Every structure is written in C-alpha cells, then in structure tokens.
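Structure file input_10.cif with mmCIF, N, CA and C atoms and all ligand atoms:
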```
data_upload
loop_
_atom_site.label_atom_id
_atom_site.label_comp_id
_atom_site.auth_asym_id
_atom_site.auth_seq_id
_atom_site.Cartn_x
_atom_site.Cartn_y
_atom_site.Cartn_z
N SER R 42 -11.48 -17.48 10.16
CA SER R 42 -11.53 -16.16 10.79
C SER R 42 -10.13 -15.56 10.97
N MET R 43 -9.17 -16.44 11.28
CA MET R 43 -7.84 -16.04 11.75
C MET R 43 -7.14 -15.08 10.78
N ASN R 44 -6.10 -14.42 11.31
CA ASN R 44 -5.28 -13.46 10.58
C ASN R 44 -3.96 -14.12 10.20
N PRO R 45 -3.55 -14.04 8.95
CA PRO R 45 -2.24 -14.54 8.58
C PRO R 45 -1.16 -13.63 9.14
N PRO R 46 0.11 -14.00 9.03
CA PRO R 46 1.18 -13.06 9.36
C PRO R 46 1.18 -11.89 8.38
N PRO R 47 1.75 -10.75 8.75
CA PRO R 47 1.77 -9.62 7.83
C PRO R 47 2.84 -9.82 6.77
N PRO R 48 2.77 -9.09 5.65
CA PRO R 48 3.89 -9.10 4.70
C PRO R 48 5.20 -8.79 5.41
N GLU R 49 6.29 -9.32 4.86
CA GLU R 49 7.61 -8.99 5.36
C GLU R 49 7.94 -7.54 5.02
N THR R 50 8.64 -6.88 5.95
CA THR R 50 9.11 -5.53 5.75
C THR R 50 10.63 -5.43 5.70
N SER R 51 11.33 -6.50 6.06
CA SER R 51 12.77 -6.63 5.90
C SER R 51 13.09 -7.97 5.27
N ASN R 52 14.21 -8.03 4.58
CA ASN R 52 14.63 -9.31 4.07
C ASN R 52 16.13 -9.29 3.78
N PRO R 53 16.91 -10.00 4.60
CA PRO R 53 18.37 -10.04 4.38
C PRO R 53 18.81 -10.63 3.05
N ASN R 54 18.15 -11.66 2.54
CA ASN R 54 18.56 -12.19 1.24
C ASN R 54 18.37 -11.15 0.13
N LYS R 55 17.37 -10.28 0.27
CA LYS R 55 16.91 -9.42 -0.81
C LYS R 55 17.81 -8.19 -0.95
N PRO R 56 18.25 -7.86 -2.16
CA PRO R 56 19.10 -6.68 -2.34
C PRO R 56 18.31 -5.38 -2.25
N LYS R 57 18.96 -4.36 -1.74
CA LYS R 57 18.27 -3.13 -1.43
C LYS R 57 18.91 -2.00 -2.23
N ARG R 58 18.12 -0.96 -2.50
CA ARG R 58 18.62 0.24 -3.15
C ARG R 58 17.87 1.46 -2.63
N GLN R 59 18.58 2.57 -2.53
CA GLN R 59 17.99 3.85 -2.23
C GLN R 59 18.19 4.74 -3.45
N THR R 60 17.29 4.62 -4.42
CA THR R 60 17.21 5.63 -5.48
C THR R 60 16.56 6.90 -4.95
N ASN R 61 16.63 7.96 -5.78
CA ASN R 61 16.01 9.23 -5.44
C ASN R 61 14.49 9.19 -5.58
N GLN R 62 13.97 8.27 -6.39
CA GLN R 62 12.52 8.12 -6.49
C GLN R 62 11.93 7.45 -5.26
N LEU R 63 12.56 6.37 -4.79
CA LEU R 63 12.04 5.73 -3.60
C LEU R 63 12.06 6.71 -2.44
N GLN R 64 13.10 7.53 -2.35
CA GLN R 64 13.12 8.57 -1.32
C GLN R 64 11.89 9.46 -1.47
N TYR R 65 11.54 9.78 -2.72
CA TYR R 65 10.39 10.65 -2.98
C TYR R 65 9.09 9.95 -2.59
N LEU R 66 8.94 8.69 -3.01
CA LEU R 66 7.75 7.91 -2.67
C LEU R 66 7.50 7.92 -1.17
N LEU R 67 8.56 7.92 -0.37
CA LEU R 67 8.35 7.95 1.07
C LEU R 67 8.23 9.38 1.58
N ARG R 68 9.11 10.29 1.14
CA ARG R 68 9.09 11.63 1.72
C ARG R 68 7.95 12.48 1.19
N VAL R 69 7.40 12.15 0.03
CA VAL R 69 6.39 12.98 -0.60
C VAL R 69 5.12 12.18 -0.89
N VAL R 70 5.24 11.10 -1.67
CA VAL R 70 4.05 10.41 -2.15
C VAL R 70 3.35 9.67 -1.02
N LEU R 71 4.10 8.98 -0.16
CA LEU R 71 3.41 8.24 0.89
C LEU R 71 2.90 9.16 1.99
N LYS R 72 3.60 10.23 2.30
CA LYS R 72 3.00 11.07 3.32
C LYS R 72 1.85 11.91 2.77
N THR R 73 1.79 12.09 1.45
CA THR R 73 0.63 12.75 0.84
C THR R 73 -0.65 11.98 1.13
N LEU R 74 -0.64 10.66 0.91
CA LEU R 74 -1.85 9.90 1.13
C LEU R 74 -2.05 9.57 2.60
N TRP R 75 -0.96 9.39 3.35
CA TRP R 75 -1.09 8.98 4.75
C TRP R 75 -1.99 9.92 5.52
N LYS R 76 -1.93 11.21 5.20
CA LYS R 76 -2.66 12.26 5.90
C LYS R 76 -4.09 12.44 5.40
N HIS R 77 -4.44 11.82 4.29
CA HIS R 77 -5.74 12.04 3.70
C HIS R 77 -6.85 11.55 4.62
N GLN R 78 -8.06 12.06 4.38
CA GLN R 78 -9.18 11.68 5.23
C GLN R 78 -9.53 10.20 5.07
N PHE R 79 -9.33 9.64 3.87
CA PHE R 79 -9.68 8.25 3.57
C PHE R 79 -8.51 7.30 3.82
N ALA R 80 -7.43 7.79 4.41
CA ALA R 80 -6.21 6.99 4.52
C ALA R 80 -6.29 5.89 5.56
N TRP R 81 -7.11 6.05 6.60
CA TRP R 81 -6.99 5.19 7.78
C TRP R 81 -7.25 3.69 7.53
N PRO R 82 -8.21 3.26 6.70
CA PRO R 82 -8.40 1.81 6.57
C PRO R 82 -7.18 1.14 5.98
N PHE R 83 -6.47 1.84 5.11
CA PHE R 83 -5.32 1.31 4.40
C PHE R 83 -4.00 1.55 5.12
N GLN R 84 -4.05 1.93 6.40
CA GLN R 84 -2.88 2.30 7.18
C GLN R 84 -2.26 1.14 7.93
N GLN R 85 -2.86 -0.05 7.85
CA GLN R 85 -2.28 -1.24 8.44
C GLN R 85 -2.95 -2.46 7.81
N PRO R 86 -2.39 -3.66 8.03
CA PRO R 86 -3.00 -4.86 7.44
C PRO R 86 -4.44 -5.02 7.90
N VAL R 87 -5.29 -5.47 6.98
CA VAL R 87 -6.68 -5.67 7.35
C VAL R 87 -6.76 -6.76 8.41
N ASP R 88 -7.68 -6.55 9.35
CA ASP R 88 -7.84 -7.31 10.57
C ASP R 88 -9.11 -8.13 10.37
N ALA R 89 -8.96 -9.30 9.75
CA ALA R 89 -10.18 -10.02 9.42
C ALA R 89 -10.85 -10.63 10.64
N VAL R 90 -10.17 -10.68 11.78
CA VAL R 90 -10.87 -11.12 12.98
C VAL R 90 -11.68 -9.97 13.57
N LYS R 91 -11.07 -8.79 13.64
CA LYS R 91 -11.75 -7.62 14.19
C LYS R 91 -12.93 -7.23 13.31
N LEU R 92 -12.72 -7.20 12.00
CA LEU R 92 -13.77 -6.87 11.06
C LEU R 92 -14.82 -7.96 10.95
N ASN R 93 -14.61 -9.08 11.62
CA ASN R 93 -15.42 -10.28 11.41
C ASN R 93 -15.59 -10.55 9.92
N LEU R 94 -14.46 -10.72 9.21
CA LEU R 94 -14.46 -11.01 7.77
C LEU R 94 -13.67 -12.28 7.48
N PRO R 95 -14.11 -13.40 8.04
CA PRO R 95 -13.37 -14.66 7.89
C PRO R 95 -13.16 -15.09 6.44
N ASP R 96 -13.84 -14.47 5.47
CA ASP R 96 -13.61 -14.86 4.09
C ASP R 96 -12.50 -14.05 3.41
N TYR R 97 -12.10 -12.92 4.01
CA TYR R 97 -11.19 -11.99 3.33
C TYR R 97 -9.93 -12.69 2.84
N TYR R 98 -9.22 -13.39 3.73
CA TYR R 98 -7.99 -14.03 3.27
C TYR R 98 -8.23 -15.35 2.52
N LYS R 99 -9.47 -15.81 2.35
CA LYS R 99 -9.65 -16.88 1.38
C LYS R 99 -9.83 -16.35 -0.03
N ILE R 100 -10.06 -15.05 -0.18
CA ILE R 100 -10.16 -14.43 -1.50
C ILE R 100 -8.95 -13.56 -1.81
N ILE R 101 -8.31 -12.97 -0.82
CA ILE R 101 -7.11 -12.19 -1.07
C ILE R 101 -5.89 -13.00 -0.66
N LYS R 102 -4.91 -13.09 -1.56
CA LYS R 102 -3.77 -13.97 -1.39
C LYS R 102 -2.46 -13.23 -1.36
N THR R 103 -2.36 -12.09 -2.04
CA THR R 103 -1.29 -11.13 -1.80
C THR R 103 -1.88 -9.93 -1.08
N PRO R 104 -1.99 -9.97 0.25
CA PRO R 104 -2.36 -8.76 1.02
C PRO R 104 -1.30 -7.69 0.85
N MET R 105 -1.75 -6.43 0.78
CA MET R 105 -0.83 -5.30 0.87
C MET R 105 -1.51 -4.13 1.57
N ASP R 106 -0.70 -3.19 2.07
CA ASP R 106 -1.24 -2.03 2.77
C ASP R 106 -0.14 -0.98 2.92
N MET R 107 -0.55 0.24 3.26
CA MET R 107 0.39 1.36 3.40
C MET R 107 1.26 1.25 4.65
N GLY R 108 0.71 0.74 5.74
CA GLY R 108 1.56 0.45 6.87
C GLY R 108 2.72 -0.41 6.41
N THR R 109 2.41 -1.51 5.70
CA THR R 109 3.47 -2.36 5.19
C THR R 109 4.36 -1.61 4.21
N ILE R 110 3.75 -0.86 3.29
CA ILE R 110 4.52 -0.12 2.29
C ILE R 110 5.43 0.92 2.95
N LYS R 111 4.92 1.65 3.96
CA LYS R 111 5.74 2.66 4.63
C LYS R 111 7.03 2.06 5.18
N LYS R 112 6.93 0.95 5.92
CA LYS R 112 8.14 0.44 6.56
C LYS R 112 9.12 -0.11 5.54
N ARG R 113 8.63 -0.81 4.52
CA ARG R 113 9.52 -1.23 3.44
C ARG R 113 10.37 -0.06 2.94
N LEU R 114 9.76 1.10 2.72
CA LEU R 114 10.56 2.25 2.31
C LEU R 114 11.58 2.59 3.39
N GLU R 115 11.14 2.65 4.64
CA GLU R 115 12.07 2.98 5.72
C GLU R 115 13.19 1.94 5.84
N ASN R 116 12.93 0.68 5.52
CA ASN R 116 13.99 -0.33 5.56
C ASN R 116 14.80 -0.42 4.27
N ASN R 117 14.55 0.45 3.28
CA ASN R 117 15.22 0.39 1.98
C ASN R 117 15.00 -0.96 1.30
N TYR R 118 13.84 -1.56 1.56
CA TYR R 118 13.51 -2.92 1.15
C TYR R 118 13.47 -3.08 -0.37
N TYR R 119 13.09 -2.05 -1.11
CA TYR R 119 12.89 -2.15 -2.55
C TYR R 119 14.17 -1.88 -3.34
N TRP R 120 14.18 -2.36 -4.57
CA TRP R 120 15.27 -2.15 -5.50
C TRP R 120 15.06 -0.95 -6.41
N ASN R 121 13.80 -0.60 -6.70
CA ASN R 121 13.49 0.54 -7.55
C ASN R 121 12.07 0.98 -7.27
N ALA R 122 11.67 2.05 -7.95
CA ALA R 122 10.37 2.65 -7.69
C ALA R 122 9.24 1.69 -8.04
N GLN R 123 9.32 1.01 -9.19
CA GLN R 123 8.14 0.30 -9.66
C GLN R 123 7.77 -0.84 -8.73
N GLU R 124 8.77 -1.43 -8.06
CA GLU R 124 8.53 -2.40 -7.00
C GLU R 124 7.55 -1.85 -5.96
N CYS R 125 7.79 -0.62 -5.49
CA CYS R 125 6.90 0.01 -4.51
C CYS R 125 5.60 0.45 -5.14
N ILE R 126 5.67 1.03 -6.34
CA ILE R 126 4.45 1.43 -7.02
C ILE R 126 3.52 0.23 -7.16
N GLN R 127 4.08 -0.97 -7.35
CA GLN R 127 3.27 -2.17 -7.52
C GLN R 127 2.72 -2.71 -6.19
N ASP R 128 3.38 -2.43 -5.06
CA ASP R 128 2.72 -2.66 -3.78
C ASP R 128 1.48 -1.80 -3.64
N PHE R 129 1.46 -0.62 -4.25
CA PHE R 129 0.24 0.19 -4.19
C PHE R 129 -0.85 -0.41 -5.08
N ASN R 130 -0.49 -0.79 -6.30
CA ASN R 130 -1.53 -1.34 -7.18
C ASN R 130 -2.12 -2.61 -6.59
N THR R 131 -1.30 -3.44 -5.93
CA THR R 131 -1.84 -4.59 -5.21
C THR R 131 -2.87 -4.18 -4.18
N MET R 132 -2.52 -3.22 -3.30
CA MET R 132 -3.43 -2.75 -2.27
C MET R 132 -4.80 -2.38 -2.84
N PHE R 133 -4.81 -1.46 -3.81
CA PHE R 133 -6.06 -1.01 -4.42
C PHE R 133 -6.81 -2.16 -5.10
N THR R 134 -6.13 -2.96 -5.91
CA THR R 134 -6.75 -4.14 -6.51
C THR R 134 -7.39 -5.05 -5.46
N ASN R 135 -6.69 -5.30 -4.33
CA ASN R 135 -7.28 -6.16 -3.30
C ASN R 135 -8.62 -5.59 -2.85
N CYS R 136 -8.71 -4.25 -2.81
CA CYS R 136 -9.90 -3.56 -2.32
C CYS R 136 -11.03 -3.57 -3.31
N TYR R 137 -10.74 -3.76 -4.60
CA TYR R 137 -11.76 -3.75 -5.63
C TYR R 137 -12.19 -5.15 -6.02
N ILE R 138 -11.39 -6.15 -5.67
CA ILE R 138 -11.81 -7.53 -5.82
C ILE R 138 -12.69 -7.96 -4.66
N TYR R 139 -12.28 -7.63 -3.43
CA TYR R 139 -12.98 -8.19 -2.28
C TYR R 139 -14.32 -7.53 -2.07
N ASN R 140 -14.47 -6.29 -2.53
CA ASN R 140 -15.64 -5.45 -2.30
C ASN R 140 -16.34 -5.16 -3.62
N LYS R 141 -17.43 -4.41 -3.54
CA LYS R 141 -18.20 -4.19 -4.75
C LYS R 141 -18.19 -2.73 -5.17
N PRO R 142 -18.36 -2.46 -6.46
CA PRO R 142 -18.40 -1.07 -6.92
C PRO R 142 -19.48 -0.32 -6.17
N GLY R 143 -19.10 0.82 -5.59
CA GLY R 143 -20.01 1.66 -4.84
C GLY R 143 -19.90 1.52 -3.34
N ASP R 144 -19.40 0.38 -2.85
CA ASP R 144 -19.18 0.23 -1.41
C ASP R 144 -18.31 1.35 -0.86
N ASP R 145 -18.60 1.76 0.38
CA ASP R 145 -17.86 2.85 0.99
C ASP R 145 -16.35 2.66 0.86
N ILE R 146 -15.86 1.42 1.03
CA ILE R 146 -14.41 1.23 1.11
C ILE R 146 -13.78 1.45 -0.26
N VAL R 147 -14.47 1.08 -1.34
CA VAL R 147 -13.89 1.27 -2.67
C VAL R 147 -13.91 2.74 -3.06
N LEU R 148 -14.91 3.50 -2.60
CA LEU R 148 -14.95 4.92 -2.93
C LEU R 148 -13.73 5.64 -2.35
N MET R 149 -13.29 5.24 -1.16
CA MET R 149 -12.04 5.76 -0.61
C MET R 149 -10.84 5.26 -1.41
N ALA R 150 -10.80 3.95 -1.69
CA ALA R 150 -9.72 3.38 -2.50
C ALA R 150 -9.60 4.09 -3.84
N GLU R 151 -10.73 4.30 -4.52
CA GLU R 151 -10.74 5.07 -5.77
C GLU R 151 -10.31 6.52 -5.54
N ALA R 152 -10.69 7.11 -4.41
CA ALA R 152 -10.19 8.46 -4.15
C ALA R 152 -8.68 8.44 -4.06
N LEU R 153 -8.14 7.48 -3.30
CA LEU R 153 -6.70 7.41 -3.08
C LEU R 153 -5.96 7.11 -4.37
N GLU R 154 -6.36 6.03 -5.06
CA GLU R 154 -5.72 5.65 -6.31
C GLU R 154 -5.58 6.83 -7.26
N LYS R 155 -6.50 7.80 -7.18
CA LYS R 155 -6.48 8.92 -8.12
C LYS R 155 -5.65 10.08 -7.59
N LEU R 156 -5.64 10.31 -6.28
CA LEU R 156 -4.57 11.13 -5.75
C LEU R 156 -3.23 10.42 -5.88
N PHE R 157 -3.22 9.08 -5.88
CA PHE R 157 -1.97 8.36 -6.08
C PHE R 157 -1.50 8.57 -7.51
N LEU R 158 -2.24 8.03 -8.48
CA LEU R 158 -1.85 8.13 -9.89
C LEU R 158 -1.50 9.56 -10.33
N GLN R 159 -1.83 10.59 -9.53
CA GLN R 159 -1.51 11.98 -9.86
C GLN R 159 -0.16 12.41 -9.27
N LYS R 160 0.19 11.88 -8.10
CA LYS R 160 1.47 12.18 -7.47
C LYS R 160 2.66 11.45 -8.13
N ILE R 161 2.46 10.28 -8.73
CA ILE R 161 3.56 9.60 -9.43
C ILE R 161 3.55 9.90 -10.93
N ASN R 162 2.78 10.90 -11.36
CA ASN R 162 2.92 11.47 -12.70
C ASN R 162 4.25 12.21 -12.86
N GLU R 163 4.87 12.64 -11.76
CA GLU R 163 6.16 13.33 -11.81
C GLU R 163 7.05 12.87 -10.66
N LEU R 164 7.95 11.86 -10.93
CA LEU R 164 9.03 11.47 -10.04
C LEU R 164 10.27 12.34 -10.26
N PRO R 165 11.21 12.34 -9.32
CA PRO R 165 12.48 13.03 -9.53
C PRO R 165 13.49 12.14 -10.26
N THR R 166 14.54 12.78 -10.76
CA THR R 166 15.49 12.14 -11.66
C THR R 166 16.63 11.43 -10.91
N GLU R 167 17.46 10.73 -11.68
CA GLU R 167 18.52 9.86 -11.20
C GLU R 167 19.86 10.59 -11.13
N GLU R 168 20.84 9.89 -10.56
CA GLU R 168 22.20 10.39 -10.36
C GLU R 168 23.22 9.48 -11.05
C1 LIG R 201 -8.97 -2.44 2.68
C2 LIG R 201 -9.98 -2.52 3.84
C3 LIG R 201 -9.86 -1.94 5.11
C4 LIG R 201 -11.01 -2.27 5.83
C5 LIG R 201 -11.23 -1.78 7.27
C6 LIG R 201 -10.12 -1.76 8.09
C7 LIG R 201 -10.26 -1.34 9.40
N1 LIG R 201 -9.11 -1.29 10.29
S1 LIG R 201 -7.88 -2.46 10.23
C8 LIG R 201 -7.10 -2.60 11.85
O1 LIG R 201 -6.91 -2.10 9.19
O2 LIG R 201 -8.33 -3.75 9.73
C9 LIG R 201 -11.49 -0.93 9.88
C10 LIG R 201 -12.61 -0.94 9.08
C11 LIG R 201 -12.47 -1.34 7.77
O3 LIG R 201 -13.63 -1.40 7.00
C12 LIG R 201 -14.20 -0.26 6.41
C13 LIG R 201 -15.24 -0.51 5.53
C14 LIG R 201 -15.88 0.54 4.89
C15 LIG R 201 -15.48 1.83 5.16
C16 LIG R 201 -14.44 2.09 6.05
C17 LIG R 201 -13.79 1.04 6.68
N2 LIG R 201 -11.82 -3.05 5.03
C18 LIG R 201 -13.05 -3.60 5.26
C19 LIG R 201 -13.63 -4.34 4.24
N3 LIG R 201 -13.02 -4.53 3.06
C20 LIG R 201 -11.85 -3.97 2.83
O4 LIG R 201 -11.33 -4.08 1.77
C21 LIG R 201 -11.23 -3.21 3.85
#
```
Please express what this file holds, its structure, as structure tokens.
Ligand SMILES: Cc1cc(-c2cc(NS(C)(=O)=O)ccc2Oc2ccccc2)n2cc[nH]c(=O)c12
Amino acid sequence: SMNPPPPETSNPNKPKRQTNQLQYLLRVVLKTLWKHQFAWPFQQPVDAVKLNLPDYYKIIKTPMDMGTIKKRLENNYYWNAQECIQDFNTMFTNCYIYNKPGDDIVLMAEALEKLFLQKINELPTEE
C-alpha cells in the first residue's frame, strides 16, 4: 500500500543548464497544461495510499508527474530540453500502462499528451 519517496527535484552531483527551451518549457509549455481542466491528477505524485492502489508502485517503477517536472525546471535540474520532454513521456506512459484504454484517467492523459505534443512542435532557438 505504502508510498515510495518522490522523484528527486535537486541533485548537487548533476550538472545543470538553463537553455532558452527549458525556460520555455516552464514559462509556456508547463503552465499551458497546468491550467487545463484535466491537469489536476498529474499535478503531484500519485498517492497510492489515498487512492487505495497498493499495486500501483509494483507495476510502475519510474514514477513521474508535473509537480515533479515543474520543480525540476525551477531548480534548473535538467541539462537540455529532451531530458524534460522525456519526463513527460514517462508520466503519460505510466498512465497508459497502469490503466486501460478508455478509462477516465487515460482520456485525460491522452488529452494532455496531445495538447503537449502540439506545444513542443515549436521551441525557441539557441544563443
Ligand atoms: C496518473 C493518475 C492520477 C490518479 C489520481 C490522482 C489523484 N490525486 S493524487 C494526490 O495525485 O494522487 C486523485 C485521483 C486520481 O485518480 C483519478 C482516476 C480517474 C479520473 C481522475 C482521477 N490516478 C489514479 C489511477 N491511475 C492513475 O494513473 C492515476
């Protein structure tokens, strides 16, 4: 039943970078989805005790979520955009493995992934 610790949002060993895309992912792409109607389940780590889902973390092994993704951006945790983009693909994949096609939660995940995949069709350029 228990909840594991959340993903790390800071890491001193890990090198950090503030590219102009990561700035965009936080200032534009992440606040675009954060405000959406379907955003709330993905706004913090899943609570398998509260949800009474004791099997969730026996099937999901790389948990991810936007709460976690948001702070990583704020901590400059990533080295480049694709690192963060891949925290998103993990999140959505976790939602489509643990649940079934058509379940309410995946319909939101699919809604988001498609507003997602549309906002990162155009990142800003480098310096
Ligand atoms: C990714 C995700 C998020 C949630 C979920 C999270 C919270 N809040 S919290 C504090 O983050 O854990 C509350 C209800 C939730 O279940 C919903 C199931 C259907 C429609 C709306 C919500 N779930 C539940 C089951 N499977 C999942 O993959 C999942």
Taking only C-alpha atoms and all ligand atoms into account, list the residues no farther than 10 Å from ligand LIG 201 (chain R), as a short mmCIF file (atom, residue, chain, number, x, y, z; two decimals) with N, CA and C atoms, keeping the file's coordinate frame.
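Printed below is part_31.cif as written:
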```cif
data_model
loop_
_atom_site.label_atom_id
_atom_site.label_comp_id
_atom_site.auth_asym_id
_atom_site.auth_seq_id
_atom_site.Cartn_x
_atom_site.Cartn_y
_atom_site.Cartn_z
N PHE R 79 -9.33 9.64 3.87
CA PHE R 79 -9.68 8.25 3.57
C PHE R 79 -8.51 7.30 3.82
N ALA R 80 -7.43 7.79 4.41
CA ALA R 80 -6.21 6.99 4.52
C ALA R 80 -6.29 5.89 5.56
N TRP R 81 -7.11 6.05 6.60
CA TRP R 81 -6.99 5.19 7.78
C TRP R 81 -7.25 3.69 7.53
N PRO R 82 -8.21 3.26 6.70
CA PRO R 82 -8.40 1.81 6.57
C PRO R 82 -7.18 1.14 5.98
N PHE R 83 -6.47 1.84 5.11
CA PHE R 83 -5.32 1.31 4.40
C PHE R 83 -4.00 1.55 5.12
N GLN R 84 -4.05 1.93 6.40
CA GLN R 84 -2.88 2.30 7.18
C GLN R 84 -2.26 1.14 7.93
N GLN R 85 -2.86 -0.05 7.85
CA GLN R 85 -2.28 -1.24 8.44
C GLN R 85 -2.95 -2.46 7.81
N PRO R 86 -2.39 -3.66 8.03
CA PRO R 86 -3.00 -4.86 7.44
C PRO R 86 -4.44 -5.02 7.90
N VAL R 87 -5.29 -5.47 6.98
CA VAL R 87 -6.68 -5.67 7.35
C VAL R 87 -6.76 -6.76 8.41
N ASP R 88 -7.68 -6.55 9.35
CA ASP R 88 -7.84 -7.31 10.57
C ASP R 88 -9.11 -8.13 10.37
N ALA R 89 -8.96 -9.30 9.75
CA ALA R 89 -10.18 -10.02 9.42
C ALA R 89 -10.85 -10.63 10.64
N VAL R 90 -10.17 -10.68 11.78
CA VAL R 90 -10.87 -11.12 12.98
C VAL R 90 -11.68 -9.97 13.57
N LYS R 91 -11.07 -8.79 13.64
CA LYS R 91 -11.75 -7.62 14.19
C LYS R 91 -12.93 -7.23 13.31
N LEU R 92 -12.72 -7.20 12.00
CA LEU R 92 -13.77 -6.87 11.06
C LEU R 92 -14.82 -7.96 10.95
N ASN R 93 -14.61 -9.08 11.62
CA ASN R 93 -15.42 -10.28 11.41
C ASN R 93 -15.59 -10.55 9.92
N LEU R 94 -14.46 -10.72 9.21
CA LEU R 94 -14.46 -11.01 7.77
C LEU R 94 -13.67 -12.28 7.48
N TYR R 97 -12.10 -12.92 4.01
CA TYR R 97 -11.19 -11.99 3.33
C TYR R 97 -9.93 -12.69 2.84
N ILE R 101 -8.31 -12.97 -0.82
CA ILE R 101 -7.11 -12.19 -1.07
C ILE R 101 -5.89 -13.00 -0.66
N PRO R 104 -1.99 -9.97 0.25
CA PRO R 104 -2.36 -8.76 1.02
C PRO R 104 -1.30 -7.69 0.85
N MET R 105 -1.75 -6.43 0.78
CA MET R 105 -0.83 -5.30 0.87
C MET R 105 -1.51 -4.13 1.57
N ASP R 106 -0.70 -3.19 2.07
CA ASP R 106 -1.24 -2.03 2.77
C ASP R 106 -0.14 -0.98 2.92
N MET R 107 -0.55 0.24 3.26
CA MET R 107 0.39 1.36 3.40
C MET R 107 1.26 1.25 4.65
N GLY R 108 0.71 0.74 5.74
CA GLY R 108 1.56 0.45 6.87
C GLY R 108 2.72 -0.41 6.41
N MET R 132 -2.52 -3.22 -3.30
CA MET R 132 -3.43 -2.75 -2.27
C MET R 132 -4.80 -2.38 -2.84
N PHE R 133 -4.81 -1.46 -3.81
CA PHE R 133 -6.06 -1.01 -4.42
C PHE R 133 -6.81 -2.16 -5.10
N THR R 134 -6.13 -2.96 -5.91
CA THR R 134 -6.75 -4.14 -6.51
C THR R 134 -7.39 -5.05 -5.46
N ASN R 135 -6.69 -5.30 -4.33
CA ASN R 135 -7.28 -6.16 -3.30
C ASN R 135 -8.62 -5.59 -2.85
N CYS R 136 -8.71 -4.25 -2.81
CA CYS R 136 -9.90 -3.56 -2.32
C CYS R 136 -11.03 -3.57 -3.31
N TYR R 137 -10.74 -3.76 -4.60
CA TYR R 137 -11.76 -3.75 -5.63
C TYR R 137 -12.19 -5.15 -6.02
N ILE R 138 -11.39 -6.15 -5.67
CA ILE R 138 -11.81 -7.53 -5.82
C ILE R 138 -12.69 -7.96 -4.66
N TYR R 139 -12.28 -7.63 -3.43
CA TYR R 139 -12.98 -8.19 -2.28
C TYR R 139 -14.32 -7.53 -2.07
N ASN R 140 -14.47 -6.29 -2.53
CA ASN R 140 -15.64 -5.45 -2.30
C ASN R 140 -16.34 -5.16 -3.62
N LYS R 141 -17.43 -4.41 -3.54
CA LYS R 141 -18.20 -4.19 -4.75
C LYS R 141 -18.19 -2.73 -5.17
N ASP R 144 -19.40 0.38 -2.85
CA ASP R 144 -19.18 0.23 -1.41
C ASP R 144 -18.31 1.35 -0.86
N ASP R 145 -18.60 1.76 0.38
CA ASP R 145 -17.86 2.85 0.99
C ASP R 145 -16.35 2.66 0.86
N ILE R 146 -15.86 1.42 1.03
CA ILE R 146 -14.41 1.23 1.11
C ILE R 146 -13.78 1.45 -0.26
N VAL R 147 -14.47 1.08 -1.34
CA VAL R 147 -13.89 1.27 -2.67
C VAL R 147 -13.91 2.74 -3.06
N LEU R 148 -14.91 3.50 -2.60
CA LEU R 148 -14.95 4.92 -2.93
C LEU R 148 -13.73 5.64 -2.35
N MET R 149 -13.29 5.24 -1.16
CA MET R 149 -12.04 5.76 -0.61
C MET R 149 -10.84 5.26 -1.41
N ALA R 150 -10.80 3.95 -1.69
CA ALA R 150 -9.72 3.38 -2.50
C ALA R 150 -9.60 4.09 -3.84
#
```
Inset, instruction - Work out how far atom CA of residue 110 of chain R is from atom CA of residue 98 of chain R, in Å to one decimal. - result: 18.7 Å
Legend entry - Selection: 6 Å around segment 157-168 of chain R, all atoms listed in the file, excl. self and same-chain fewer than 2 positions, as a PyMOL selection string: chain R and resi 61-62+152-155
Legend entry - One-decimal distance in Å that lies between atom CA of residue 119 of chain R and atom CA of residue 63 of chain R: 8.0 Å
Inset, instruction - Work out how far apart atom C of residue 52 of chain R and atom C of residue 117 of chain R are and give it in Å to one decimal. - result: 8.8 Å
Size and centre in Å, one decimal, axis-aligned box, all listed segment 76-93 of chain R atoms plus 4 Å per side, as AutoDock Vina command-line options:
```
--center_x -8.8 --center_y 0.7 --center_z 8.9 --size_x 21.7 --size_y 31.6 --size_z 18.6
```
Inset, instruction - Report as a VMD selection string: the residues of chain R with a DSSP assignment of alpha helix (DSSP H), based on the backbone of this structure. - result: chain R and resid 61 to 65 72 to 75 97 to 100 107 to 115 122 to 139 145 to 160
Legend entry - Selected residue of minimal separation from residue 64 of chain R among R:114, R:142, R:47, R:151, counting all atoms listed in the file: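 Going through R:114, R:142, R:47, R:151 one by one, the smallest distance to residue 64 of chain R is for R:114.
Using all atoms listed in the file, the nearest neighbour of residue 113 of chain R within the list R:51, R:42, R:131, R:60 is R:51.
The point (15.8, -2.1, 0.2) has these residues within 5 Å of it, counting only N, CA and C atoms: residues 56, 57, 58, 116, 117, 118 and 119 of chain R.
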